[PDB]
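Before any questions on how it binds or moves, here is one chain, the form deposited in one PDB entry, in structure tokens.
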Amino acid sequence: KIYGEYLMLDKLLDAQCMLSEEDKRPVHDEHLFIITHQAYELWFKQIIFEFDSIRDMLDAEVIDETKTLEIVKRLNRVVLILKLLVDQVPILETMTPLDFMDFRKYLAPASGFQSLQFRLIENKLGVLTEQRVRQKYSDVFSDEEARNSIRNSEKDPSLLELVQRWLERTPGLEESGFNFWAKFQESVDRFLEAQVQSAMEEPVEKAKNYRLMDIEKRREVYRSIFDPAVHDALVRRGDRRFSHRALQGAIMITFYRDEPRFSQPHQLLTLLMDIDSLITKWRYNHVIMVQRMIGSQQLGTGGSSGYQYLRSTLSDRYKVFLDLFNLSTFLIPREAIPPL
């Protein structure tokens, strides 16, 4: 009813227990260490809440403009929360390595790997278990409800899977209707044929050859999308994650983004990329903080494996919407884009 009761500050503000204080040798910065983590976990709970609601709205045959606006609003909110979480790292960096050394021994069985909510965010966004650098990540959890939650987050459709189903059903790709993919192939042939005819008229012979070489590079780019087998091979080696039809829809969305009907679906894709990039930015800032606190290896780490694992999470293997970042590779000028 009143402020403190509505926010349950009785419970919230009685969850801070400094172990160095319990051992009668308090380290002032352990309080900051606890509060920073607790602020991360409150926001992880909010991100999970937003993600689950967006997954429910995406797990439907009909995705109208009203629901699309609501998804864009909540993805944008997650982007703001992730920027705030990236800014929480310089606050914990204000703790000196020597002060952290005076209480890190009490952490002992605790590990960053034991954050159930961080794993739930990764899985709900779409981090594939097979693409993780590897004890299996889920083995760290001994609690049955924690194991159940992890297992459910892996088997339930992730934002990656749901966004792909939505992209596959993009109105415009329909061969009976607008038939975008076929028109796009013809536009590429017409555009590239004109580029070859224009390259021949070049005065300097070195400039004529550079353009003919460049046009061949373009043809190889278009073979990677117009030949389903070349796309499938790229998917197999981890270079792509999207189904061939989801990729077609994402490309069409980027081509018509200035059109009122395609502007919000394009904003939805942009925010997915921003979320992906912000998670990587948190990963990078976290490794820099780990290195400034305890170096690449310290007493208690048993070598540099922990640090090296953290550095390997910065690879494109942990990027969920990897395909979205490369879509501008397939773009042709406005004059060559098939008219709506």
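In this text, rigid core is short for the largest set of C-alphas that superpose within 1.5 Å between two forms. One-based numbering along the sequence shown.
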(request) Please report whether at least a third of the other compared entries leave residue 181 without coordinates. (result) no
(message) I'd like to know whether residue 133, which is modelled here, goes unmodelled in a third or more of the other compared entries that cover its flanking residues.
(response) yes
(request) Could you bin the unmodelled part of the deposited chain lying between residue 183 and residue 184 as none, 1 to 3, 4 to 9, or 10 or more? (result) none
(message) I need to verify one thing: averaged over C-alpha atoms only, is the B-factor higher for 308 to 316 or for 32 to 40?
(response) 308 to 316
(request) Return whichever of 271 to 279 and 22 to 30 has the greater mean Cα B factor according to the PDB record. (result) 22 to 30
(request) Name the residue from 204, 116, 79, 247 with the greatest C-alpha temperature factor listed in the entry. (result) 204
(message) By the CA temperature factor listed in this entry, which of these ranks top: 73, 132, 217, 83?
(response) 132
(request) Name the third of the chain's ranked CA B-factors that contains residue 299, choosing lowest, middle or highest. (result) highest
(request) Using the B-factors in the PDB entry, rank residue 139's C-alpha atom against the chain and give the third, lowest, middle or highest. (result) highest
(message) Quick check on the deposited entry: does the C-alpha B-factor of residue 195 sit in the lowest, middle or highest third of its chain?
(response) highest
(request) Within this chain's modelled residues, let me know which third the CA B factor of residue 54 belongs to: lowest, middle or highest. (result) lowest
(request) Sort the modelled residues of this chain by their C-alpha B factor and say whether residue 62 lands in the lowest, middle or highest third. (result) highest
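There is another form of this protein, the form deposited in another entry, and it is not shown here; the text below is about that form.
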(message) Quick check for you: superpose on the rigid core, then look between the shown form and the other one for a C-alpha move of 2 Å or more. Which of 221, 110, 182, 101 is it?
(response) 110
(request) Once the core is aligned, please say if the CA of residue 140 is shifted by at least 2 angstroms between the shown form and the other one. (result) yes
(request) Compare the CA separation of residue 23 and residue 113 in the other entry with the one in the displayed structure, and answer closer or farther (the difference is at least 3 Å). (result) closer
(request) Can you tell whether residue 112 sits closer to or farther from residue 105 in the other entry than it does here, judged by CA atoms, where the change is 3 Å or more? (result) closer
